[PDB]
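Listing of query.csv, CSV, C-alpha atoms
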```csv
chain,number,residue,atom,x,y,z
A,1,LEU,CA,29.0,28.8,5.3
A,2,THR,CA,28.2,25.1,5.5
A,3,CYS,CA,24.8,23.4,5.2
A,4,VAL,CA,23.6,19.8,4.5
A,5,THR,CA,22.7,19.9,0.8
A,6,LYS,CA,20.4,16.9,0.9
A,7,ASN,CA,19.6,13.7,2.7
A,8,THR,CA,20.1,10.1,1.3
A,9,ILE,CA,19.9,6.6,2.6
A,10,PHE,CA,23.7,6.5,2.9
A,11,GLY,CA,24.4,9.7,4.8
A,12,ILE,CA,24.5,13.5,4.8
A,13,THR,CA,26.6,15.8,2.5
A,14,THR,CA,27.7,19.1,4.0
A,15,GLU,CA,28.6,21.8,1.5
A,16,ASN,CA,29.9,25.4,1.5
A,17,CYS,CA,28.3,27.4,-1.3
A,18,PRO,CA,30.1,30.7,-2.1
A,19,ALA,CA,29.1,34.2,-1.2
A,20,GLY,CA,26.4,33.9,-3.8
A,21,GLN,CA,23.0,32.8,-2.5
A,22,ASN,CA,24.1,33.5,1.0
A,23,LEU,CA,21.2,31.7,2.7
A,24,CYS,CA,20.1,28.2,3.6
A,25,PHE,CA,16.4,27.5,2.8
A,26,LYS,CA,15.0,24.2,4.0
A,27,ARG,CA,11.7,23.1,2.4
A,28,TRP,CA,9.3,20.3,3.0
A,29,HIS,CA,6.7,19.6,0.3
A,30,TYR,CA,4.1,16.9,1.1
A,31,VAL,CA,2.9,15.1,-2.1
A,32,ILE,CA,1.6,11.8,-0.8
A,33,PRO,CA,0.4,10.5,2.6
A,34,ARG,CA,3.6,8.5,2.2
A,35,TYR,CA,6.0,11.0,0.5
A,36,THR,CA,7.4,14.3,1.6
A,37,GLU,CA,9.9,15.7,-0.8
A,38,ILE,CA,12.7,17.6,1.0
A,39,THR,CA,15.2,20.3,-0.1
A,40,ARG,CA,18.0,22.1,1.6
A,41,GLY,CA,19.7,24.7,-0.5
A,42,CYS,CA,21.4,28.1,-0.9
A,43,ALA,CA,19.3,31.2,-1.9
A,44,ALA,CA,19.3,35.0,-1.4
A,45,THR,CA,15.9,35.7,0.2
A,46,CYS,CA,14.7,34.7,3.7
A,47,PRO,CA,10.9,35.5,3.8
A,48,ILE,CA,9.9,33.1,1.0
A,49,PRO,CA,6.0,33.0,1.2
A,50,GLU,CA,5.0,29.4,1.0
A,51,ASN,CA,2.6,27.5,-1.3
A,52,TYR,CA,1.9,25.0,1.5
A,53,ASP,CA,5.6,24.1,1.5
A,54,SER,CA,7.1,24.6,4.9
A,55,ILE,CA,10.4,26.5,4.7
A,56,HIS,CA,12.9,27.9,7.2
A,57,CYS,CA,16.0,30.0,7.1
A,58,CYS,CA,19.5,29.2,8.2
A,59,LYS,CA,22.9,30.9,8.2
A,60,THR,CA,25.1,28.7,10.4
A,61,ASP,CA,27.6,25.9,10.2
A,62,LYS,CA,25.2,23.0,10.9
A,63,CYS,CA,21.5,23.9,10.6
A,64,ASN,CA,19.8,21.5,8.3
A,65,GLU,CA,20.9,18.1,9.6
B,26,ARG,CA,-13.9,23.7,-18.4
B,27,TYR,CA,-10.5,24.6,-17.0
B,28,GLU,CA,-10.2,23.1,-13.5
B,29,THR,CA,-13.7,22.6,-12.0
B,30,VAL,CA,-14.7,20.0,-14.7
B,31,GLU,CA,-11.5,18.1,-14.1
B,32,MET,CA,-12.1,18.1,-10.3
B,33,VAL,CA,-15.6,16.8,-10.9
B,34,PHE,CA,-14.3,14.2,-13.3
B,35,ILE,CA,-11.7,13.0,-10.7
B,36,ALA,CA,-14.1,13.0,-7.8
B,37,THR,CA,-16.8,11.1,-9.7
B,38,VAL,CA,-14.4,8.5,-11.0
B,39,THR,CA,-12.8,7.9,-7.6
B,40,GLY,CA,-16.3,7.7,-6.0
B,41,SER,CA,-17.4,5.2,-8.7
B,42,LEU,CA,-14.3,3.1,-8.1
B,43,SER,CA,-14.9,3.1,-4.3
B,44,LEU,CA,-18.5,2.1,-4.8
B,45,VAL,CA,-17.8,-0.7,-7.2
B,46,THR,CA,-15.0,-2.1,-4.9
B,47,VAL,CA,-17.4,-2.0,-2.0
B,48,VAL,CA,-20.2,-3.7,-3.8
B,49,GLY,CA,-18.0,-6.3,-5.4
B,50,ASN,CA,-16.4,-7.3,-2.1
B,51,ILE,CA,-19.7,-7.4,-0.2
B,52,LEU,CA,-21.4,-9.4,-2.9
B,53,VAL,CA,-18.5,-12.0,-3.2
B,54,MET,CA,-18.4,-12.5,0.6
B,55,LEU,CA,-22.2,-12.7,0.8
B,56,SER,CA,-22.1,-15.4,-1.9
B,57,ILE,CA,-19.4,-17.1,0.1
B,58,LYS,CA,-21.5,-17.2,3.3
B,59,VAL,CA,-24.8,-18.0,1.5
B,60,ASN,CA,-23.8,-20.7,-0.9
B,61,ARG,CA,-22.3,-22.9,1.9
B,62,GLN,CA,-21.3,-25.5,-0.6
B,63,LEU,CA,-17.6,-24.4,-0.2
B,64,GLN,CA,-15.6,-25.1,3.0
B,65,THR,CA,-12.0,-24.9,1.9
B,66,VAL,CA,-9.3,-22.9,3.6
B,67,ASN,CA,-8.5,-21.0,0.3
B,68,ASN,CA,-12.1,-19.6,0.3
B,69,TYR,CA,-11.7,-18.4,3.9
B,70,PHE,CA,-8.4,-16.7,2.8
B,71,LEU,CA,-10.4,-15.2,-0.1
B,72,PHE,CA,-13.0,-13.9,2.4
B,73,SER,CA,-10.4,-12.3,4.6
B,74,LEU,CA,-8.7,-10.7,1.6
B,75,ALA,CA,-12.1,-9.4,0.4
B,76,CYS,CA,-12.8,-7.9,3.8
B,77,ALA,CA,-9.4,-6.2,3.8
B,78,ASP,CA,-10.1,-5.2,0.2
B,79,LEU,CA,-13.3,-3.4,1.0
B,80,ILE,CA,-11.7,-1.6,4.0
B,81,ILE,CA,-8.8,-0.5,1.8
B,82,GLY,CA,-11.0,0.6,-1.1
B,83,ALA,CA,-13.7,2.5,0.8
B,84,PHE,CA,-11.7,4.1,3.6
B,85,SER,CA,-8.4,4.7,2.0
B,86,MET,CA,-9.7,6.0,-1.4
B,87,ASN,CA,-12.3,8.2,0.3
B,88,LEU,CA,-9.8,9.8,2.6
B,89,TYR,CA,-7.0,10.0,0.0
B,90,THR,CA,-9.5,11.8,-2.3
B,91,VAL,CA,-10.6,14.3,0.4
B,92,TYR,CA,-6.8,14.8,1.0
B,93,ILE,CA,-6.0,15.3,-2.7
B,94,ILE,CA,-9.1,17.3,-3.6
B,95,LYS,CA,-7.5,20.5,-2.1
B,96,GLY,CA,-3.9,19.7,-1.1
B,97,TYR,CA,-4.1,19.3,2.7
B,98,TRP,CA,-6.1,17.5,5.3
B,99,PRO,CA,-9.4,19.3,5.8
B,100,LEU,CA,-10.3,17.5,9.0
B,101,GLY,CA,-8.9,18.7,12.3
B,102,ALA,CA,-6.1,16.1,12.3
B,103,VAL,CA,-6.4,13.2,14.9
B,104,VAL,CA,-8.5,11.3,12.3
B,105,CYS,CA,-5.4,11.6,10.1
B,106,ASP,CA,-3.1,9.5,12.2
B,107,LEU,CA,-5.8,6.8,12.7
B,108,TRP,CA,-6.7,6.6,9.0
B,109,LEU,CA,-3.0,6.5,8.0
B,110,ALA,CA,-2.2,3.7,10.5
B,111,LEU,CA,-5.3,1.8,9.4
B,112,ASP,CA,-4.5,2.1,5.7
B,113,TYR,CA,-0.9,1.0,6.1
B,114,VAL,CA,-1.7,-1.8,8.4
B,115,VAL,CA,-4.4,-3.2,6.2
B,116,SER,CA,-2.2,-3.0,3.1
B,117,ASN,CA,0.5,-5.0,5.0
B,118,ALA,CA,-2.2,-7.4,6.3
B,119,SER,CA,-3.3,-8.1,2.7
B,120,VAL,CA,0.3,-8.6,1.7
B,121,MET,CA,0.8,-11.1,4.5
B,122,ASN,CA,-2.5,-12.8,3.7
B,123,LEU,CA,-1.3,-13.4,0.1
B,124,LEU,CA,2.0,-14.5,1.5
B,125,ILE,CA,0.3,-17.2,3.7
B,126,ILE,CA,-2.0,-18.3,0.8
B,127,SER,CA,1.2,-18.9,-1.2
B,128,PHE,CA,2.7,-20.8,1.7
B,129,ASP,CA,-0.4,-22.9,2.1
B,130,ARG,CA,-0.7,-23.7,-1.6
B,131,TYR,CA,3.0,-24.6,-1.8
B,132,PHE,CA,2.7,-26.9,1.2
B,133,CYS,CA,-0.4,-28.6,-0.2
B,134,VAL,CA,1.1,-29.2,-3.7
B,135,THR,CA,4.6,-30.2,-2.6
B,136,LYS,CA,3.3,-33.0,-0.2
B,137,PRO,CA,0.2,-35.1,-0.7
B,138,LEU,CA,0.3,-35.8,3.0
B,139,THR,CA,1.3,-32.4,4.4
B,140,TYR,CA,-1.4,-32.9,7.1
B,141,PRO,CA,-4.1,-31.9,4.5
B,142,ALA,CA,-6.8,-33.0,6.9
B,143,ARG,CA,-5.3,-31.0,9.8
B,144,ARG,CA,-6.5,-27.7,8.1
B,145,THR,CA,-10.3,-28.2,8.3
B,146,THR,CA,-11.7,-24.7,9.0
B,147,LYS,CA,-10.1,-23.8,12.4
B,148,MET,CA,-6.6,-23.6,10.9
B,149,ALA,CA,-7.7,-21.2,8.2
B,150,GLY,CA,-9.2,-18.8,10.7
B,151,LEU,CA,-6.3,-19.1,13.0
B,152,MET,CA,-3.8,-18.3,10.2
B,153,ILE,CA,-6.0,-15.3,9.1
B,154,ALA,CA,-6.2,-14.0,12.7
B,155,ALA,CA,-2.4,-14.6,13.2
B,156,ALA,CA,-1.5,-12.6,10.0
B,157,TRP,CA,-3.9,-9.8,11.0
B,158,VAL,CA,-2.6,-9.5,14.6
B,159,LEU,CA,1.0,-9.7,13.4
B,160,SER,CA,0.5,-6.9,10.9
B,161,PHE,CA,-1.3,-4.9,13.6
B,162,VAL,CA,1.2,-5.2,16.4
B,163,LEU,CA,4.0,-4.7,13.9
B,164,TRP,CA,2.9,-1.5,12.3
B,165,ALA,CA,0.0,0.3,14.0
B,166,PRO,CA,1.6,0.9,17.5
B,167,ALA,CA,4.7,2.1,15.8
B,168,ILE,CA,2.7,4.6,13.7
B,169,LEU,CA,0.9,5.8,16.8
B,170,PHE,CA,3.9,5.9,19.1
B,171,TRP,CA,7.1,6.9,17.3
B,172,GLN,CA,5.7,10.4,16.8
B,173,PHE,CA,5.6,10.7,20.6
B,174,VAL,CA,9.0,9.0,20.7
B,175,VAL,CA,10.4,12.0,18.7
B,176,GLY,CA,8.6,14.2,21.2
B,177,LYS,CA,5.7,16.0,19.5
B,178,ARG,CA,3.5,15.8,16.4
B,179,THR,CA,5.9,17.5,13.9
B,180,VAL,CA,3.2,16.8,11.3
B,181,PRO,CA,1.1,20.0,11.0
B,182,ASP,CA,-2.6,20.0,11.7
B,183,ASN,CA,-3.4,20.2,7.9
B,184,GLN,CA,-0.9,17.6,6.7
B,185,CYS,CA,-1.2,13.8,6.8
B,186,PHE,CA,2.2,12.2,6.2
B,187,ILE,CA,4.2,9.5,8.1
B,188,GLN,CA,6.8,10.5,10.6
B,189,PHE,CA,9.6,8.0,9.8
B,190,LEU,CA,9.2,8.4,6.0
B,191,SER,CA,11.1,11.6,6.4
B,192,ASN,CA,14.2,9.5,6.8
B,193,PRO,CA,15.1,8.1,3.3
B,194,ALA,CA,16.7,5.0,4.8
B,195,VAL,CA,13.4,4.0,6.5
B,196,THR,CA,11.5,4.5,3.3
B,197,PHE,CA,14.0,2.4,1.3
B,198,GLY,CA,14.1,-0.4,3.9
B,199,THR,CA,10.4,-0.7,4.4
B,200,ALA,CA,9.7,-0.6,0.6
B,201,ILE,CA,12.3,-3.2,-0.3
B,202,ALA,CA,11.4,-5.6,2.5
B,203,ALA,CA,7.6,-5.3,2.6
B,204,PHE,CA,7.3,-5.5,-1.2
B,205,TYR,CA,10.1,-7.5,-2.8
B,206,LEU,CA,10.5,-10.1,0.0
B,207,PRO,CA,6.9,-11.1,-0.6
B,208,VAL,CA,7.4,-10.7,-4.3
B,209,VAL,CA,10.5,-13.0,-4.4
B,210,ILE,CA,8.8,-15.5,-2.1
B,211,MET,CA,5.8,-15.5,-4.6
B,212,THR,CA,8.2,-16.0,-7.5
B,213,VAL,CA,10.1,-19.0,-6.0
B,214,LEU,CA,6.9,-20.6,-4.6
B,215,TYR,CA,5.2,-20.2,-7.9
B,216,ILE,CA,8.1,-22.0,-9.6
B,217,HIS,CA,8.1,-24.7,-7.0
B,218,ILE,CA,4.3,-25.2,-7.3
B,219,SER,CA,4.5,-25.3,-11.1
B,220,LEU,CA,7.3,-27.9,-11.1
B,221,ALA,CA,5.6,-30.0,-8.4
B,222,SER,CA,2.3,-30.0,-10.2
B,223,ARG,CA,3.9,-30.9,-13.5
B,224,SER,CA,5.7,-33.8,-11.8
B,225,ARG,CA,2.6,-35.0,-10.1
B,226,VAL,CA,0.4,-34.8,-13.2
B,391,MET,CA,-10.7,-32.9,-9.9
B,392,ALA,CA,-7.9,-31.7,-12.2
B,393,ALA,CA,-10.1,-29.0,-13.6
B,394,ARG,CA,-11.0,-27.7,-10.2
B,395,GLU,CA,-7.4,-27.8,-9.1
B,396,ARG,CA,-6.3,-25.9,-12.2
B,397,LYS,CA,-9.1,-23.3,-11.5
B,398,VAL,CA,-7.8,-22.8,-8.0
B,399,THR,CA,-4.2,-22.4,-9.3
B,400,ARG,CA,-5.3,-19.9,-11.9
B,401,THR,CA,-7.2,-17.9,-9.3
B,402,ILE,CA,-4.2,-17.7,-7.0
B,403,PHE,CA,-2.0,-16.8,-10.0
B,404,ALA,CA,-4.4,-14.1,-11.1
B,405,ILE,CA,-4.5,-12.6,-7.6
B,406,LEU,CA,-0.7,-12.6,-7.4
B,407,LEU,CA,-0.3,-11.1,-10.8
B,408,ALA,CA,-2.9,-8.3,-10.1
B,409,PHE,CA,-1.2,-7.5,-6.8
B,410,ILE,CA,2.3,-7.3,-8.3
B,411,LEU,CA,1.3,-5.5,-11.4
B,412,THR,CA,-0.6,-2.8,-9.4
B,413,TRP,CA,2.0,-2.3,-6.7
B,414,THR,CA,5.1,-2.4,-9.0
B,415,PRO,CA,5.1,1.3,-10.1
B,416,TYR,CA,5.0,2.6,-6.5
B,417,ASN,CA,8.1,0.7,-5.5
B,418,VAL,CA,9.8,1.4,-8.8
B,419,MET,CA,9.4,5.2,-8.1
B,420,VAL,CA,10.5,4.6,-4.5
B,421,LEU,CA,13.7,3.0,-5.7
B,422,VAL,CA,14.1,5.8,-8.3
B,423,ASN,CA,14.0,8.4,-5.4
B,424,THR,CA,17.1,6.5,-4.1
B,425,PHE,CA,18.9,7.1,-7.3
B,426,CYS,CA,19.0,10.9,-7.1
B,427,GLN,CA,17.1,13.7,-5.2
B,428,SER,CA,13.7,14.7,-6.6
B,429,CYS,CA,14.0,12.3,-9.6
B,430,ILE,CA,10.2,12.1,-9.9
B,431,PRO,CA,7.5,14.8,-10.2
B,432,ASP,CA,4.5,15.2,-7.9
B,433,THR,CA,1.4,14.6,-10.0
B,434,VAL,CA,2.9,11.3,-11.3
B,435,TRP,CA,3.4,10.3,-7.6
B,436,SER,CA,-0.2,11.1,-7.0
B,437,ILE,CA,-1.4,9.0,-9.9
B,438,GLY,CA,1.0,6.2,-9.0
B,439,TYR,CA,-0.2,5.9,-5.4
B,440,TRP,CA,-3.7,6.2,-6.8
B,441,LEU,CA,-3.4,3.1,-8.9
B,442,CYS,CA,-1.7,1.4,-6.0
B,443,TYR,CA,-5.4,0.7,-5.1
B,444,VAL,CA,-6.1,-0.9,-8.5
B,445,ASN,CA,-5.2,-4.1,-6.8
B,446,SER,CA,-8.2,-3.6,-4.5
B,447,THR,CA,-10.3,-2.6,-7.5
B,448,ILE,CA,-9.3,-5.6,-9.6
B,449,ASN,CA,-9.6,-8.4,-7.0
B,450,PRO,CA,-13.4,-8.5,-6.6
B,451,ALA,CA,-13.9,-8.5,-10.4
B,452,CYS,CA,-11.0,-11.0,-11.0
B,453,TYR,CA,-12.7,-13.3,-8.6
B,454,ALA,CA,-15.7,-13.8,-10.9
B,455,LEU,CA,-13.4,-13.4,-14.0
B,456,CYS,CA,-11.3,-16.4,-13.1
B,457,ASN,CA,-13.5,-18.6,-10.9
B,458,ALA,CA,-16.4,-20.2,-12.9
B,459,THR,CA,-18.5,-20.7,-9.8
B,460,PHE,CA,-18.0,-17.0,-8.9
B,461,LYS,CA,-18.9,-16.1,-12.5
B,462,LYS,CA,-22.2,-18.0,-12.3
B,463,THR,CA,-22.9,-16.7,-8.8
B,464,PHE,CA,-22.3,-13.1,-9.9
B,465,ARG,CA,-25.3,-13.0,-12.3
B,466,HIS,CA,-27.6,-14.5,-9.6
B,467,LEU,CA,-26.5,-12.1,-6.9
B,468,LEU,CA,-26.7,-9.0,-9.1
B,469,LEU,CA,-30.5,-9.5,-9.0
```

As structure tokens, the full file:
Amino acid sequence: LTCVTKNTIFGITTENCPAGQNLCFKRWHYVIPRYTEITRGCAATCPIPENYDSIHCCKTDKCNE
Amino acid sequence: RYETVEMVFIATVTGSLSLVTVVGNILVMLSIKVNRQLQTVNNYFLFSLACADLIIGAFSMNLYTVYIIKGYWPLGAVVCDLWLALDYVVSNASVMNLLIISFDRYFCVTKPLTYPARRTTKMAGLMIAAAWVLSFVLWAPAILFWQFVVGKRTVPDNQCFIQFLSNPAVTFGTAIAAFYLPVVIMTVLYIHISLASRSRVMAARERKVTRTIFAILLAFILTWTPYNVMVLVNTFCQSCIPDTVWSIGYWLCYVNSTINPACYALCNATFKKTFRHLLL
């Protein structure tokens, strides 16, 4: 399925990772009062206990805009 | 030995830096208001910059330390938004203050009759207030209101980041403008001032003032360069830069505020001789 792999000043980049890592985890990790590093990727585990890094699951065609 | 000693080290050094910044700013401005032998607009600009410097130093470093001591915002939010807006607005206000100091110096040097007697003291205070209110109305209401514009405080009750910095485009634009536009303006104005002064050439005091302005500009650019360099690097790839290096970079982003009160006495001879008297 399709998920936005990342965000950039130019625009979004939707991707379709194969049947491996069939899950879209989206993470926010807050490093500075003025910097929050962001990931949106494919993985194979939904629960994902967090080390203060807010994460959520997605398995749709547009979920991490 | 493993982590507690490092935490004590960091907390103590940050507290010492905050205290030395506070005492330096208060002593230099008390000297300004007590000596009363100086009534130039540049000294009023220096006073305003020192006030902004103490605010930045004390409040920003204290709250950034209590944020970095654990990894979240221990306070029950609310104070987070106010402190964040205050820090960002006073940083921008200091940038605009240095901008208008550069404008004033370029105007004075480039024209011997650029209404030099029009300044007096009211114009300096008017310019300082104008820069402060401009920075305020430009940044603070946006900080307080765009979160509600989105609809709700998406920032959790334990985190203390900025809403629009989630968008990389906003980060890139604000960084490039609010750093390099003042930086390039300083560069071109410094070149113009140098050439005008060379063509034109009391001289000792004028050179002292020029060296003081140059030292302030150099300290500001040297301290704030790494932050913007890494911000640009984050526009090259995704997660090009680690996290602890980001922490240290934004930490020495306040080394400008640390340096300025000391550099005042380091470069200005009258400040140097007043420093010894006012330490006692």

**Report entry** Interface, chain B side, toward chain A (9 Å; only C-alpha atoms) as an MDAnalysis selection string
**Finding:** chainID B and resid 89 92:93 96:97 109 184:187 190:197 424 426:428 432:433 435:436 439

Those same residues - C-alpha atoms - I'd like them written as a tab-separated table (two decimals), keeping the file's coordinate frame.
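Contents of result23.tsv, freshly written:
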```tsv
chain	number	residue	atom	x	y	z
B	89	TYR	CA	-7.00	10.00	0.00
B	92	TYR	CA	-6.80	14.80	1.00
B	93	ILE	CA	-6.00	15.30	-2.70
B	96	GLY	CA	-3.90	19.70	-1.10
B	97	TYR	CA	-4.10	19.30	2.70
B	109	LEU	CA	-3.00	6.50	8.00
B	184	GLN	CA	-0.90	17.60	6.70
B	185	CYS	CA	-1.20	13.80	6.80
B	186	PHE	CA	2.20	12.20	6.20
B	187	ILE	CA	4.20	9.50	8.10
B	190	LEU	CA	9.20	8.40	6.00
B	191	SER	CA	11.10	11.60	6.40
B	192	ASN	CA	14.20	9.50	6.80
B	193	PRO	CA	15.10	8.10	3.30
B	194	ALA	CA	16.70	5.00	4.80
B	195	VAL	CA	13.40	4.00	6.50
B	196	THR	CA	11.50	4.50	3.30
B	197	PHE	CA	14.00	2.40	1.30
B	424	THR	CA	17.10	6.50	-4.10
B	426	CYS	CA	19.00	10.90	-7.10
B	427	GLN	CA	17.10	13.70	-5.20
B	428	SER	CA	13.70	14.70	-6.60
B	432	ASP	CA	4.50	15.20	-7.90
B	433	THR	CA	1.40	14.60	-10.00
B	435	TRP	CA	3.40	10.30	-7.60
B	436	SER	CA	-0.20	11.10	-7.00
B	439	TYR	CA	-0.20	5.90	-5.40
```

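For the residues A:3, A:63, A:57, A:43, ranking by smallest atom-to-atom distance to residue 16 in chain A using all atoms listed in the file places A:3 first.
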
Requested in this report: For residue 1 in chain A, list every protein, DNA or RNA residue within 10 Å, evaluated using only C-alpha atoms, and leave out those in the same chain fewer than 2 positions away; present the list as a count of residues only.
Outcome: 16

Query - Local residues around (0.9, -1.0, 12.9), at most 9 Å away, using only C-alpha atoms, as number ranges by chain - result: B: 110-111, 113-115, 117, 159-169

Query raised in the report: How many Å lie between CA of residue 124 in chain B and CA of residue 90 in chain B, rounded to one decimal?
Result: 29.0 Å

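Among the candidates A:13, A:25, A:2, A:20, the residue lying nearest to residue 47 in chain A is A:25 (atoms considered: all atoms listed in the file).
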
Mind rebuilding range 31-47 of chain A with N, CA, C and O atoms and writing that out as a JSON list (two decimals), keeping the file's coordinate frame?
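For reference, selection36.json as written:
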```json
[["chain", "number", "residue", "atom", "x", "y", "z"],
["A", 31, "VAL", "N", 3.62, 15.51, -0.82],
["A", 31, "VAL", "CA", 2.90, 15.10, -2.10],
["A", 31, "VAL", "C", 1.98, 13.97, -1.85],
["A", 31, "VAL", "O", 0.90, 13.94, -2.45],
["A", 32, "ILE", "N", 2.35, 13.02, -1.01],
["A", 32, "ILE", "CA", 1.60, 11.80, -0.80],
["A", 32, "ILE", "C", 1.45, 11.64, 0.73],
["A", 32, "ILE", "O", 2.30, 12.14, 1.47],
["A", 33, "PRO", "N", 0.40, 10.98, 1.23],
["A", 33, "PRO", "CA", 0.40, 10.50, 2.60],
["A", 33, "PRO", "C", 1.67, 9.76, 3.00],
["A", 33, "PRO", "O", 1.98, 9.59, 4.18],
["A", 34, "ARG", "N", 2.41, 9.29, 1.99],
["A", 34, "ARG", "CA", 3.60, 8.50, 2.20],
["A", 34, "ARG", "C", 4.81, 9.06, 1.43],
["A", 34, "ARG", "O", 5.73, 8.31, 1.09],
["A", 35, "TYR", "N", 4.82, 10.36, 1.15],
["A", 35, "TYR", "CA", 6.00, 11.00, 0.50],
["A", 35, "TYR", "C", 6.02, 12.46, 0.76],
["A", 35, "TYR", "O", 5.08, 13.19, 0.42],
["A", 36, "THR", "N", 7.12, 12.91, 1.36],
["A", 36, "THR", "CA", 7.40, 14.30, 1.60],
["A", 36, "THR", "C", 8.73, 14.66, 0.99],
["A", 36, "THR", "O", 9.79, 14.32, 1.54],
["A", 37, "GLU", "N", 8.69, 15.32, -0.16],
["A", 37, "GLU", "CA", 9.90, 15.70, -0.80],
["A", 37, "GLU", "C", 10.60, 16.83, -0.01],
["A", 37, "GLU", "O", 9.94, 17.71, 0.55],
["A", 38, "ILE", "N", 11.93, 16.77, 0.07],
["A", 38, "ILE", "CA", 12.70, 17.60, 1.00],
["A", 38, "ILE", "C", 13.83, 18.29, 0.19],
["A", 38, "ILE", "O", 14.51, 17.64, -0.61],
["A", 39, "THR", "N", 14.02, 19.59, 0.41],
["A", 39, "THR", "CA", 15.20, 20.30, -0.10],
["A", 39, "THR", "C", 15.87, 21.08, 0.97],
["A", 39, "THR", "O", 15.25, 21.52, 1.95],
["A", 40, "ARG", "N", 17.18, 21.26, 0.80],
["A", 40, "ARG", "CA", 18.00, 22.10, 1.60],
["A", 40, "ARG", "C", 19.03, 22.78, 0.73],
["A", 40, "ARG", "O", 19.93, 22.09, 0.25],
["A", 41, "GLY", "N", 18.91, 24.09, 0.49],
["A", 41, "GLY", "CA", 19.70, 24.70, -0.50],
["A", 41, "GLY", "C", 20.12, 26.14, -0.17],
["A", 41, "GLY", "O", 19.73, 26.68, 0.86],
["A", 42, "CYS", "N", 20.90, 26.74, -1.06],
["A", 42, "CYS", "CA", 21.40, 28.10, -0.90],
["A", 42, "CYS", "C", 20.54, 29.05, -1.78],
["A", 42, "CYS", "O", 20.27, 28.76, -2.95],
["A", 43, "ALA", "N", 20.16, 30.18, -1.20],
["A", 43, "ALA", "CA", 19.30, 31.20, -1.90],
["A", 43, "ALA", "C", 19.64, 32.54, -1.24],
["A", 43, "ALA", "O", 20.43, 32.65, -0.29],
["A", 44, "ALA", "N", 19.01, 33.58, -1.77],
["A", 44, "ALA", "CA", 19.30, 35.00, -1.40],
["A", 44, "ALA", "C", 17.97, 35.69, -1.03],
["A", 44, "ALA", "O", 17.76, 36.83, -1.45],
["A", 45, "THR", "N", 17.08, 35.04, -0.28],
["A", 45, "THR", "CA", 15.90, 35.70, 0.20],
["A", 45, "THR", "C", 15.33, 34.82, 1.35],
["A", 45, "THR", "O", 15.13, 33.62, 1.19],
["A", 46, "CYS", "N", 15.16, 35.44, 2.53],
["A", 46, "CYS", "CA", 14.70, 34.70, 3.70],
["A", 46, "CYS", "C", 13.16, 34.58, 3.79],
["A", 46, "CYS", "O", 12.68, 33.48, 4.11],
["A", 47, "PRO", "N", 12.35, 35.65, 3.55],
["A", 47, "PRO", "CA", 10.90, 35.50, 3.80],
["A", 47, "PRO", "C", 10.26, 34.32, 3.13],
["A", 47, "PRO", "O", 9.73, 33.45, 3.83]]
```
